[PDB]
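Below you'll find the structure, written out as structure tokens, and then a few comments.
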Amino acid sequence: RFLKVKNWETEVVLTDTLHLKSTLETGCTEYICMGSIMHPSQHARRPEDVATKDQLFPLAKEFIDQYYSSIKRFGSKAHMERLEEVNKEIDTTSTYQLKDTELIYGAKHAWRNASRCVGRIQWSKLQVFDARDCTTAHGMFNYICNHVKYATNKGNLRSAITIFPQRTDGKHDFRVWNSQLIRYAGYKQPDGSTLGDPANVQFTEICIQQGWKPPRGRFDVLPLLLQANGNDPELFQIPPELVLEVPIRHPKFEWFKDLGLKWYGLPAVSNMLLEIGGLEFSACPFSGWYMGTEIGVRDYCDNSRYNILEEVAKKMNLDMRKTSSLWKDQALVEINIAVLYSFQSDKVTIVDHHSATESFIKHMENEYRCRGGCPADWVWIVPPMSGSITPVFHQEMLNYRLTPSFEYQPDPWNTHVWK
Amino acid sequence: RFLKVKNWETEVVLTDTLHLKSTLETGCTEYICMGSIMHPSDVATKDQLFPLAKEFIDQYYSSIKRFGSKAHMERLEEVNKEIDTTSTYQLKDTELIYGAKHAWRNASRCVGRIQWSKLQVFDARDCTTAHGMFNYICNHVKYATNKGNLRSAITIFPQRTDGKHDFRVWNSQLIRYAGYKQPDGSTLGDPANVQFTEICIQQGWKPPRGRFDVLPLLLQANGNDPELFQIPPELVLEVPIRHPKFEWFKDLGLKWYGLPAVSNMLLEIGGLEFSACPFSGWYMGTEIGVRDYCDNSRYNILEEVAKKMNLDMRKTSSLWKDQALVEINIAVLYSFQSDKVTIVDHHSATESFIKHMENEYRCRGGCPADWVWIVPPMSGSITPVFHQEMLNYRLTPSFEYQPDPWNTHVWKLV
Ligand code: HEM
Ligand code: HEM
Ligand SMILES: Cc1cc(N)nc(C#CCN2CCN(C)CC2)c1
Ligand SMILES: Cc1cc(N)nc(C#CCN2CCN(C)CC2)c1
Ligand SMILES: C[C@H](O)[C@H](O)[C@H]1CNc2nc(N)[nH]c(=O)c2N1
Ligand SMILES: C[C@H](O)[C@H](O)[C@H]1CNc2nc(N)[nH]c(=O)c2N1
Ligand SMILES: [Zn+2]
């Protein structure tokens, strides 16, 4: 009925009661902790495809209850009517439709509840685009182009989510097949090396197999591969003037520009599922702005990604014979300096890991003060470099699953039956 | 039943069955994870002790391929008699060695466990006085230090009886530097040790009031009041920190000690509790260079190093802290290696741990591991453990936390 978390740097202690409202399993038990498992749990709130009434209505009522509680009604005329309305809708279609206010509330609370996101101090400043009238992949492309243009905003980035029609029977899903709206292709080379982004090799081959003509470069913006109402997906080229990119250079190393590195400005996750009141929105691309380490540490320096540490260390004239010279650590810092300096030079929104983690601590305090807790996944929140010199490293966190939420979902090529 | 862990860099999958053998709590529930909680939330009765002892003896005889043997059954017989008649029992030397090694093997927060089976166990269960403890600890330090060629070792003092006669080393490690709070609010030496430094001074220690004073040993035998002892200085190996490129780094006056020797934990074997069990290995560089030197509440040297580096400290996004952190850690490693004092960098150490993990899953069915502690405090994702899924569970024998002695000791003098 109370769990404390301590900050070992400041000795601030916070007391969590929000976890009493947690809905589904974390994967852990009294005897085993799964805190570093990427997908520890298959506990879902509704089964399979179209639920029965007693499966869907309880989840709808819980969400509608929560929304009307949040606005200081509950039991109000409108709340009770809304319940009866959802009841008849489920009775007569096996599903129900969210009001615009409920949709906005649900999307913001899914972000507020995302325990792996260090950026949630921003959660209530989210632009919600209702795309539930969409019917074809051409319409999805139009909605996505507008999202990208609004969110990019000539570099002054703005958080947004575009929400396509919810799942019905499971055979008419709307899906963005891309993992992010904007990523670079990867190509398997004949000798066995990889050109471009190795993580995207499989998705790139699907695009090529669907007729995409690849330029076969290191930074080829992938097409959109969009699926509407369960049909076969269709390819679309994002107008390049909508794709803001930042050439990476270094404030001291004149030679850094000659590595030919660039990255895109808009991080826009498009493969997750948005769950609100038992409704599943299988296409719901959302975007914010980057923390530098996402590009500078993971995208650039993961061994299975662009893996650039060896090349940077060379130009730096570092001793690479032994691990203990820390040549990887030293190149890693310089790369992240360049990423930040380049984005900032071009006035493209970006946040460094010191500022972001500091904001998150402030967000945690805010959430404990007003909400009685903040679900947080230490394994994901602590940045992938310089961990203990950021404040979150020293902050204990409780992780639990609240709804509405963002969920993982299978890649659609593993499940789609082609027509 | 099986649980799978995946490495997201290599796609290697490992199957854990060993978790079925755990019976002590992690702190998590089915609906909350407390994996980042440092300390998630007293003498056993006869009835409590019997099953704990059986489980240990069973696993010991299993490990030596004599489960079910006559020797196995007579040992269980003998143990139960001792509990029945004395309310406790005594480990054979072989079981003590096995138990100590396996508490190490089971330490989910230790990245250095590839070495677990090479541990020198010093049986100090005949000790009766603080003078005896000092002698045992001096010999441990000398053996472990080995002129820089460090060797892992543990020294095990008598087990708890009624809880009123505990053996305790009051120090948190055998070798640490003092900390002194100044009148003006500043701190000289190690801020983490200010409280224990004050206790020492109160007990009669005359402090030099320098930045790197090796603390005296504060030793408690049989539940008596603890007594002060000065470790002979020639047994305390230290490394002056210099940098391979920055000639000014040596002018910072930094040094550290070579032997990491944890002395405030409790060793639990077969339900028996060894409250004084100091153990030592060798350092991973980041322990000194990231935490001891750069934690804001420790020596906190980032500012001074970055100044000497002429870094721009006006904005955080210059990553001046990150830049200075790396150079400090280069200096630590270079200094120890130059003086031929054993040390391991975080890249080598985490690679070894991955190989140790694989091996443990193959020969033992798993390896409990605390990702939050195993991942080094700098350069996290460029080490292989970052990408390694891990399962955390509590196996016994184990090393456990215990309260600080000055919070529970009832003083006997005057
Ligand atoms: C506005 C600035 C934002 C910043 C700086 C930020 C930062 C981050 C970072 C660094 C991660 C870890 C990414 C990784 O390692 O793969 C993350 C994850 C995540 N973010 Fe945010 N974020 C922002 C906005 C948003 C928005 C607008 C949403 C949703 C509406 C969101 C939802 C999520 C979710 C669900 C995850 C977890 C993804 C997963 O489990 O794979 N974030 N965020
Ligand atoms: C031989 C080389 C060894 C290396 C390189 C090593 C490495 C480490 C490191 C880096 C930590 C984390 C320290 C911290 O962040 O505070 C740790 C923790 C730990 N080590 Fe090892 N270690 C070694 C030997 C040993 C030995 C010999 C034992 C016991 C016999 C041991 C038992 C432990 C335990 C119980 C912890 C957890 C401490 C806690 O929770 O505060 N280690 N080790
Ligand atoms: C909105 C947003 C802002 C930001 N700064 N980063 C991200 C991200 C990411 C990285 N994805 C997360 C989703 N996962 C399925 C794959 C990896 C998202
Ligand atoms: C044997 C050993 C080798 C090594 N490289 N590091 C350590 C440590 C530590 C840090 N202590 C651990 C005990 N905890 C109570 C406080 C913090 C120990
Ligand atoms: C195994 C481990 O959980 C996995 O590598 C995680 C660790 N922490 C992470 N943290 C973030 N922000 N992003 C990630 O992709 C990961 N990967
Ligand atoms: C709050 C968090 O659990 C705490 O800061 C931990 C994080 N991981 C750690 N990891 C190691 N090796 N040592 C530590 O002291 C800590 N501290
Ligand atoms: Zn857990």
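Following the order of the structure tokens, first chain is A, next is B, and so on, with residues numbered from 1 inside each chain and ligands from 1 in the order they appear.
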
Give me, as a ChimeraX atom specification, the contact residues of chain B against chain A at a cut-off of 7 Å, counting only C-alpha atoms.
/B:9,22-37,295,297,316-319,322-323,326,330,333,345,347-348,371-372,377-382,389-393

Backbone DSSP call of alpha helix (DSSP H) for region 17-50 of chain B, listed as a list in words
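So the alpha helix (DSSP H) residues in region 17-50 of chain B would be residues 46, 47, 48, 49 and 50 of chain B.
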
Mind writing the picked residues with N, CA and C atoms as a PDB file, in the first residue's frame?
```pdb
ATOM      1  N   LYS B  46      15.733 -23.936  15.587  1.00  0.00           N
ATOM      2  CA  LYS B  46      16.035 -25.298  15.158  1.00  0.00           C
ATOM      3  C   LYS B  46      15.204 -25.678  13.941  1.00  0.00           C
ATOM      4  N   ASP B  47      13.892 -25.433  14.007  1.00  0.00           N
ATOM      5  CA  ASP B  47      12.996 -25.840  12.931  1.00  0.00           C
ATOM      6  C   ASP B  47      13.329 -25.124  11.629  1.00  0.00           C
ATOM      7  N   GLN B  48      13.673 -23.837  11.701  1.00  0.00           N
ATOM      8  CA  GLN B  48      14.075 -23.140  10.489  1.00  0.00           C
ATOM      9  C   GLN B  48      15.391 -23.681   9.946  1.00  0.00           C
ATOM     10  N   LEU B  49      16.302 -24.110  10.832  1.00  0.00           N
ATOM     11  CA  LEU B  49      17.663 -24.430  10.408  1.00  0.00           C
ATOM     12  C   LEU B  49      17.748 -25.780   9.701  1.00  0.00           C
ATOM     13  N   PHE B  50      17.007 -26.793  10.183  1.00  0.00           N
ATOM     14  CA  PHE B  50      17.054 -28.146   9.624  1.00  0.00           C
ATOM     15  C   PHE B  50      16.934 -28.131   8.098  1.00  0.00           C
TER      16      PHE B  50
END
```

Please write out the residues within 8 Å of ligand 2 as a ChimeraX atom specification, counting only C-alpha atoms and all ligand atoms.
/B:100-101,103-104,107-113,115-116,119,151-154,262,265,279-284,286-287,291,343-344,349,373-374,376,398-401

Shell of 9 Å around residue 172 (chain B), only C-alpha atoms, local chain residues under 6 positions omitted, as an NGL selection string
:B and (193 or 196 or 261-265 or 404)

Set the cut-off to 8 Å, count only C-alpha atoms and all ligand atoms, and list whatever residues fall near ligand 1 as a PyMOL selection string.
chain A and resi 107-108+110-111+114-120+122-123+126+158-161+269+272+286-291+293-294+298+350-351+356+380-381+383+405-408

Using N, CA and C atoms, can you export the residues from the last selection as a CSV table (one decimal), in the first residue's frame?
```
chain,number,residue,atom,x,y,z
A,107,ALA,N,-4.4,9.0,-26.0
A,107,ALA,CA,-3.0,9.1,-26.6
A,107,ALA,C,-2.0,9.7,-25.6
A,108,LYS,N,-2.4,10.8,-25.0
A,108,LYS,CA,-1.5,11.5,-24.1
A,108,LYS,C,-1.2,10.6,-22.9
A,110,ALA,N,-1.2,7.3,-22.9
A,110,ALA,CA,-0.3,6.2,-23.3
A,110,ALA,C,1.1,6.7,-23.3
A,111,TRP,N,1.4,7.9,-23.7
A,111,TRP,CA,2.7,8.5,-23.6
A,111,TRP,C,3.1,8.7,-22.1
A,114,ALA,N,4.4,5.5,-20.6
A,114,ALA,CA,5.4,4.7,-21.3
A,114,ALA,C,6.7,4.7,-20.4
A,115,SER,N,6.8,3.6,-19.6
A,115,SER,CA,7.8,3.6,-18.6
A,115,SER,C,9.3,3.6,-19.2
A,116,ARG,N,9.4,3.3,-20.5
A,116,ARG,CA,10.7,3.3,-21.1
A,116,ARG,C,11.1,4.7,-21.7
A,117,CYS,N,10.3,5.7,-21.6
A,117,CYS,CA,10.5,7.0,-22.3
A,117,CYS,C,11.0,8.0,-21.3
A,118,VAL,N,12.2,8.5,-21.6
A,118,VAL,CA,12.9,9.6,-20.8
A,118,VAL,C,12.3,11.0,-21.1
A,119,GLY,N,11.5,11.1,-22.1
A,119,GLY,CA,11.0,12.4,-22.6
A,119,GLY,C,9.7,12.8,-22.1
A,120,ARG,N,9.1,12.1,-21.1
A,120,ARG,CA,7.7,12.3,-20.8
A,120,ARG,C,7.4,13.6,-20.0
A,122,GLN,N,7.1,16.1,-21.3
A,122,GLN,CA,6.4,16.8,-22.4
A,122,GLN,C,5.0,16.2,-22.7
A,123,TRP,N,4.6,15.2,-21.9
A,123,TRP,CA,3.5,14.3,-22.3
A,123,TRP,C,2.2,15.0,-22.7
A,126,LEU,N,1.1,17.3,-26.8
A,126,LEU,CA,1.1,16.2,-27.9
A,126,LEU,C,0.0,16.6,-28.9
A,158,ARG,N,7.9,19.3,-33.2
A,158,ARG,CA,6.7,19.3,-32.4
A,158,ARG,C,6.2,17.9,-32.3
A,159,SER,N,5.9,17.4,-31.1
A,159,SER,CA,5.5,16.0,-30.9
A,159,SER,C,4.1,15.8,-31.5
A,160,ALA,N,3.9,14.7,-32.1
A,160,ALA,CA,2.6,14.4,-32.8
A,160,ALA,C,2.4,12.9,-32.9
A,161,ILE,N,1.1,12.5,-33.0
A,161,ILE,CA,0.7,11.2,-33.2
A,161,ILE,C,-0.5,11.2,-34.2
A,269,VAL,N,8.3,6.7,-34.4
A,269,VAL,CA,8.0,5.3,-34.3
A,269,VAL,C,6.7,4.9,-34.9
A,272,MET,N,4.4,0.4,-33.4
A,272,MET,CA,3.8,0.0,-32.2
A,272,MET,C,2.3,0.1,-32.2
A,286,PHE,N,4.0,8.0,-34.1
A,286,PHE,CA,4.2,9.1,-33.2
A,286,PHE,C,5.7,9.5,-33.3
A,287,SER,N,5.9,10.8,-33.0
A,287,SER,CA,7.2,11.4,-33.2
A,287,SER,C,7.5,12.4,-32.2
A,288,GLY,N,8.7,12.6,-31.8
A,288,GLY,CA,9.1,13.7,-31.0
A,288,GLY,C,10.4,14.4,-31.5
A,289,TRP,N,11.4,14.4,-30.7
A,289,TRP,CA,12.8,14.8,-31.1
A,289,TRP,C,13.8,13.9,-30.4
A,290,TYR,N,15.0,14.0,-31.0
A,290,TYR,CA,16.1,13.0,-30.6
A,290,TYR,C,16.8,13.4,-29.3
A,291,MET,N,17.1,12.4,-28.5
A,291,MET,CA,18.3,12.6,-27.6
A,291,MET,C,19.5,12.1,-28.3
A,293,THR,N,22.3,10.7,-27.9
A,293,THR,CA,22.9,9.4,-27.8
A,293,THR,C,22.1,8.3,-28.6
A,294,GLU,N,20.9,8.5,-28.9
A,294,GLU,CA,20.1,7.6,-29.8
A,294,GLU,C,20.9,7.4,-31.1
A,298,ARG,N,23.9,4.6,-30.2
A,298,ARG,CA,23.3,3.4,-30.7
A,298,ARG,C,23.3,3.3,-32.2
A,350,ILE,N,17.2,19.1,-30.6
A,350,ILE,CA,17.8,17.9,-30.1
A,350,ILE,C,18.1,18.2,-28.6
A,351,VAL,N,18.2,17.1,-27.8
A,351,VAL,CA,18.5,17.2,-26.4
A,351,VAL,C,19.6,16.3,-26.0
A,356,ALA,N,18.3,15.8,-20.7
A,356,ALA,CA,17.1,15.0,-20.8
A,356,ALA,C,16.9,14.2,-19.5
A,380,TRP,N,16.0,1.2,-19.5
A,380,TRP,CA,15.8,2.0,-20.7
A,380,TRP,C,16.1,3.4,-20.5
A,381,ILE,N,15.8,4.0,-19.2
A,381,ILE,CA,15.9,5.4,-19.0
A,381,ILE,C,17.4,5.8,-18.9
A,383,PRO,N,21.0,6.5,-19.9
A,383,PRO,CA,21.5,6.6,-21.3
A,383,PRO,C,22.6,5.6,-21.5
A,405,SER,N,-1.9,2.4,-23.1
A,405,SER,CA,-0.4,2.1,-23.3
A,405,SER,C,-0.1,2.0,-24.7
A,406,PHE,N,1.2,2.1,-25.0
A,406,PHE,CA,1.8,1.6,-26.3
A,406,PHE,C,2.4,0.2,-26.1
A,407,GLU,N,2.1,-0.7,-27.0
A,407,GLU,CA,2.5,-2.0,-26.9
A,407,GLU,C,3.3,-2.4,-28.2
A,408,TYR,N,4.2,-3.4,-28.0
A,408,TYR,CA,4.8,-4.0,-29.2
A,408,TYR,C,3.8,-4.9,-30.0
```

Every residue of region 131-249 of chain B that DSSP places in strand (DSSP E), as a PyMOL selection string:
chain B and resi 153-156+168-169+179-181+187-189+217-220+227-229+238-240

So, with only C-alpha atoms as the atoms that count, which of B:210, B:148, B:189, B:271 lies closest to residue 236 (chain B)?
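Smallest distance to residue 236 (chain B) is found for B:148.
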
Cut-off 6 Å: closest chain B/ligand 5 atom pairs per residue, using only C-alpha atoms and all ligand atoms, as a Markdown table:
```
| residue | atom | partner | partner_atom_place_in_ligand_line | distance |
| --- | --- | --- | --- | --- |
| B:386 | CA | ligand 5 | 5 (O) | 5.0 |
| B:387 | CA | ligand 5 | 5 (O) | 3.4 |
| B:388 | CA | ligand 5 | 1 (C) | 4.4 |
| B:389 | CA | ligand 5 | 1 (C) | 3.9 |
```

Can you write just those residues out, N, CA and C atoms, as a PDB file, in the first residue's frame?
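Below you can see result_15.pdb, which holds the result:
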```
ATOM      1  N   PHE B 386      25.470  -4.923 -22.191  1.00  0.00           N
ATOM      2  CA  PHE B 386      24.313  -4.051 -22.407  1.00  0.00           C
ATOM      3  C   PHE B 386      23.249  -4.753 -23.231  1.00  0.00           C
ATOM      4  N   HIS B 387      23.679  -5.540 -24.213  1.00  0.00           N
ATOM      5  CA  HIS B 387      22.798  -6.167 -25.186  1.00  0.00           C
ATOM      6  C   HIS B 387      22.367  -7.556 -24.770  1.00  0.00           C
ATOM      7  N   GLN B 388      22.787  -7.998 -23.587  1.00  0.00           N
ATOM      8  CA  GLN B 388      22.536  -9.338 -23.081  1.00  0.00           C
ATOM      9  C   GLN B 388      21.323  -9.327 -22.161  1.00  0.00           C
ATOM     10  N   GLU B 389      20.269 -10.048 -22.536  1.00  0.00           N
ATOM     11  CA  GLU B 389      19.194 -10.279 -21.582  1.00  0.00           C
ATOM     12  C   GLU B 389      19.723 -11.145 -20.439  1.00  0.00           C
TER      13      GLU B 389
END
```

All residues 9 Å or closer to residue 65 (chain A), only C-alpha atoms, same chain fewer than 6 positions away omitted, as number ranges by chain
A: 74-75, 79, 83

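Among B:406, B:167, B:257, B:8, the residue with the shortest atom-to-atom distance to ligand 4, counting only C-alpha atoms and all ligand atoms, is B:257.
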
Return the single residue from B:40, B:62, B:235, B:296 that is closest to ligand 7, with distances computed using only C-alpha atoms and all ligand atoms.
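Using only C-alpha atoms and all ligand atoms, the shortest distance to ligand 7 belongs to B:40.
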
Write out as number ranges by chain which residues come within 12 Å of region 410-416 of chain A when counting only C-alpha atoms, dropping same-chain ones fewer than 3 positions away.
A: 39, 42, 170-179, 202-203, 205-207, 225-227, 229-233, 270-273, 282-283, 407, 419

Could you take the residues named above and write them with N, CA and C atoms, as an mmCIF file, in the first residue's frame?
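Contents of selection15.cif, as written:
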```
data_model
loop_
_atom_site.group_PDB
_atom_site.id
_atom_site.type_symbol
_atom_site.label_atom_id
_atom_site.label_comp_id
_atom_site.auth_asym_id
_atom_site.auth_seq_id
_atom_site.Cartn_x
_atom_site.Cartn_y
_atom_site.Cartn_z
ATOM 1 N N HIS A 39 11.015 -8.216 -24.031
ATOM 2 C CA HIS A 39 9.583 -8.535 -24.122
ATOM 3 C C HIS A 39 9.248 -9.603 -23.092
ATOM 4 N N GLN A 42 3.514 -11.642 -22.287
ATOM 5 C CA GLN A 42 2.487 -11.682 -23.317
ATOM 6 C C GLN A 42 1.098 -11.406 -22.756
ATOM 7 N N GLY A 170 -9.173 -8.286 -37.088
ATOM 8 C CA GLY A 170 -7.813 -8.777 -37.176
ATOM 9 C C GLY A 170 -7.347 -9.126 -38.577
ATOM 10 N N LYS A 171 -8.244 -9.132 -39.555
ATOM 11 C CA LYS A 171 -7.877 -9.327 -40.951
ATOM 12 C C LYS A 171 -7.975 -8.042 -41.759
ATOM 13 N N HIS A 172 -8.348 -6.931 -41.131
ATOM 14 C CA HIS A 172 -8.487 -5.651 -41.808
ATOM 15 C C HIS A 172 -7.610 -4.601 -41.147
ATOM 16 N N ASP A 173 -6.449 -5.024 -40.667
ATOM 17 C CA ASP A 173 -5.577 -4.130 -39.929
ATOM 18 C C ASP A 173 -5.047 -3.023 -40.826
ATOM 19 N N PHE A 174 -4.967 -1.824 -40.267
ATOM 20 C CA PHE A 174 -4.098 -0.789 -40.800
ATOM 21 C C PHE A 174 -2.712 -0.965 -40.194
ATOM 22 N N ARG A 175 -1.685 -0.975 -41.044
ATOM 23 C CA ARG A 175 -0.309 -1.104 -40.571
ATOM 24 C C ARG A 175 0.611 -0.207 -41.385
ATOM 25 N N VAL A 176 1.532 0.454 -40.701
ATOM 26 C CA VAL A 176 2.735 0.953 -41.346
ATOM 27 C C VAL A 176 3.779 -0.142 -41.206
ATOM 28 N N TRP A 177 4.263 -0.658 -42.331
ATOM 29 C CA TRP A 177 5.241 -1.734 -42.254
ATOM 30 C C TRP A 177 6.611 -1.216 -41.830
ATOM 31 N N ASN A 178 6.919 0.046 -42.116
ATOM 32 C CA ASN A 178 8.173 0.622 -41.655
ATOM 33 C C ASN A 178 8.209 0.654 -40.135
ATOM 34 N N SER A 179 9.411 0.471 -39.571
ATOM 35 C CA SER A 179 9.533 0.549 -38.118
ATOM 36 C C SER A 179 9.536 1.998 -37.644
ATOM 37 N N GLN A 202 16.297 -6.604 -43.915
ATOM 38 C CA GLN A 202 15.123 -7.393 -44.272
ATOM 39 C C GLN A 202 14.007 -6.509 -44.818
ATOM 40 N N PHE A 203 13.703 -5.409 -44.129
ATOM 41 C CA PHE A 203 12.649 -4.534 -44.617
ATOM 42 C C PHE A 203 13.007 -3.965 -45.990
ATOM 43 N N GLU A 205 14.751 -5.452 -48.297
ATOM 44 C CA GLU A 205 14.567 -6.476 -49.324
ATOM 45 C C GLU A 205 13.098 -6.622 -49.701
ATOM 46 N N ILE A 206 12.192 -6.471 -48.729
ATOM 47 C CA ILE A 206 10.764 -6.491 -49.040
ATOM 48 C C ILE A 206 10.416 -5.347 -49.986
ATOM 49 N N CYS A 207 10.896 -4.137 -49.676
ATOM 50 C CA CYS A 207 10.641 -2.990 -50.550
ATOM 51 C C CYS A 207 11.165 -3.242 -51.951
ATOM 52 N N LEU A 225 5.798 1.838 -46.746
ATOM 53 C CA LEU A 225 5.124 0.596 -47.132
ATOM 54 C C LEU A 225 3.877 0.508 -46.264
ATOM 55 N N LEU A 226 2.735 0.877 -46.839
ATOM 56 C CA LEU A 226 1.521 1.176 -46.085
ATOM 57 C C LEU A 226 0.434 0.161 -46.406
ATOM 58 N N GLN A 227 -0.219 -0.342 -45.356
ATOM 59 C CA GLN A 227 -1.296 -1.317 -45.450
ATOM 60 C C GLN A 227 -2.569 -0.729 -44.859
ATOM 61 N N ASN A 229 -6.726 -1.442 -44.250
ATOM 62 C CA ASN A 229 -7.867 -2.351 -44.203
ATOM 63 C C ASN A 229 -7.492 -3.785 -44.599
ATOM 64 N N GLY A 230 -6.287 -4.207 -44.230
ATOM 65 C CA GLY A 230 -5.846 -5.573 -44.447
ATOM 66 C C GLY A 230 -5.401 -5.918 -45.857
ATOM 67 N N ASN A 231 -5.409 -4.970 -46.783
ATOM 68 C CA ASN A 231 -4.998 -5.292 -48.138
ATOM 69 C C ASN A 231 -3.470 -5.410 -48.218
ATOM 70 N N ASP A 232 -2.976 -5.831 -49.384
ATOM 71 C CA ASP A 232 -1.538 -5.844 -49.612
ATOM 72 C C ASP A 232 -0.967 -4.435 -49.430
ATOM 73 N N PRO A 233 0.239 -4.305 -48.895
ATOM 74 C CA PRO A 233 0.817 -2.971 -48.695
ATOM 75 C C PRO A 233 1.268 -2.340 -50.003
ATOM 76 N N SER A 270 6.667 3.930 -35.844
ATOM 77 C CA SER A 270 5.445 3.593 -36.557
ATOM 78 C C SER A 270 5.061 2.118 -36.476
ATOM 79 N N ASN A 271 5.728 1.306 -35.654
ATOM 80 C CA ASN A 271 5.399 -0.119 -35.617
ATOM 81 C C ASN A 271 4.759 -0.563 -34.312
ATOM 82 N N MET A 272 4.413 0.359 -33.430
ATOM 83 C CA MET A 272 3.825 -0.024 -32.160
ATOM 84 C C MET A 272 2.310 0.075 -32.230
ATOM 85 N N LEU A 273 1.669 -0.434 -31.184
ATOM 86 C CA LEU A 273 0.220 -0.513 -31.100
ATOM 87 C C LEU A 273 -0.248 0.329 -29.922
ATOM 88 N N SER A 282 -3.528 -0.335 -34.467
ATOM 89 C CA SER A 282 -2.352 -1.012 -34.990
ATOM 90 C C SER A 282 -1.476 -0.113 -35.839
ATOM 91 N N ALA A 283 -1.990 1.040 -36.262
ATOM 92 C CA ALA A 283 -1.226 2.041 -36.999
ATOM 93 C C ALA A 283 -1.377 3.360 -36.259
ATOM 94 N N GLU A 407 2.107 -0.655 -27.031
ATOM 95 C CA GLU A 407 2.515 -2.048 -26.942
ATOM 96 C C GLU A 407 3.301 -2.436 -28.187
ATOM 97 N N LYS A 419 -2.459 -11.078 -51.142
ATOM 98 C CA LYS A 419 -3.578 -11.261 -52.065
ATOM 99 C C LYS A 419 -3.087 -11.401 -53.513
#
```

Residues within 10 Å of region 307-311 of chain B, please, as a compact mmCIF listing (two decimals) with N, CA, C and O atoms, in the first residue's frame. Count only C-alpha atoms; anything in the same chain fewer than 3 positions from it doesn't count.
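This is the output file out_22.txt:
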```txt
# COMPACT_ATOMS: atom_id res chain seq x y z
N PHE B 246 48.82 13.53 -20.72
CA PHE B 246 48.74 14.78 -19.98
C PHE B 246 49.75 14.75 -18.84
O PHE B 246 49.54 14.06 -17.83
N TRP B 248 50.34 17.01 -16.77
CA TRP B 248 49.83 17.71 -15.59
C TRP B 248 48.96 16.82 -14.72
O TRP B 248 48.68 17.20 -13.58
N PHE B 249 48.52 15.67 -15.23
CA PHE B 249 47.60 14.84 -14.46
C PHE B 249 48.21 14.41 -13.14
O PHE B 249 47.52 14.39 -12.11
N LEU B 252 47.60 16.50 -10.03
CA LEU B 252 46.37 16.45 -9.26
C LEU B 252 46.55 15.75 -7.91
O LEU B 252 45.69 15.89 -7.04
N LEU B 302 35.62 15.82 -11.65
CA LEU B 302 35.35 16.16 -13.04
C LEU B 302 35.70 17.61 -13.33
O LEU B 302 36.37 17.92 -14.32
N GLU B 303 35.25 18.53 -12.47
CA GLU B 303 35.48 19.95 -12.71
C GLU B 303 36.97 20.25 -12.86
O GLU B 303 37.39 20.93 -13.80
N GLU B 304 37.78 19.76 -11.92
CA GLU B 304 39.20 20.10 -11.94
C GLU B 304 39.89 19.53 -13.17
O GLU B 304 40.74 20.19 -13.77
N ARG B 314 30.61 25.74 -20.05
CA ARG B 314 29.43 26.59 -19.95
C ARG B 314 28.15 25.88 -20.36
O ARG B 314 27.08 26.21 -19.84
N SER B 318 28.36 20.41 -24.71
CA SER B 318 29.75 20.22 -25.11
C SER B 318 30.29 18.86 -24.68
O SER B 318 31.35 18.46 -25.16
N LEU B 319 29.55 18.15 -23.81
CA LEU B 319 29.95 16.84 -23.27
C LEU B 319 31.32 16.91 -22.59
O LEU B 319 32.10 15.96 -22.63
N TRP B 320 31.60 18.04 -21.93
CA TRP B 320 32.86 18.18 -21.22
C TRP B 320 32.99 17.15 -20.11
O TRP B 320 34.07 16.59 -19.91
N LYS B 321 31.91 16.86 -19.37
CA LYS B 321 31.98 15.81 -18.36
C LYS B 321 32.36 14.48 -18.98
O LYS B 321 33.23 13.76 -18.45
N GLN B 323 33.93 13.86 -21.76
CA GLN B 323 35.31 13.91 -22.24
C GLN B 323 36.30 13.73 -21.10
O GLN B 323 37.28 12.99 -21.23
N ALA B 324 36.09 14.45 -20.00
CA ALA B 324 37.00 14.35 -18.86
C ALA B 324 36.90 12.97 -18.20
O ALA B 324 37.92 12.41 -17.79
N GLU B 327 39.21 10.42 -20.00
CA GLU B 327 40.63 10.62 -19.73
C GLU B 327 41.00 10.15 -18.32
O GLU B 327 42.08 9.59 -18.12
```

Spatial neighbours of residue 369 (chain A), max dist 12 Å, only C-alpha atoms, sep filter under 6 positions, as a PyMOL selection string
chain A and resi 13-18+362-363

Which residue gives the smallest distance to residue 212 (chain B) among B:293, B:197, B:165, B:179, with only C-alpha atoms counted?
B:179

With distances taken over only C-alpha atoms and all ligand atoms, which residue among B:211, B:142, B:176, B:66 lies nearest ligand 4?
B:176
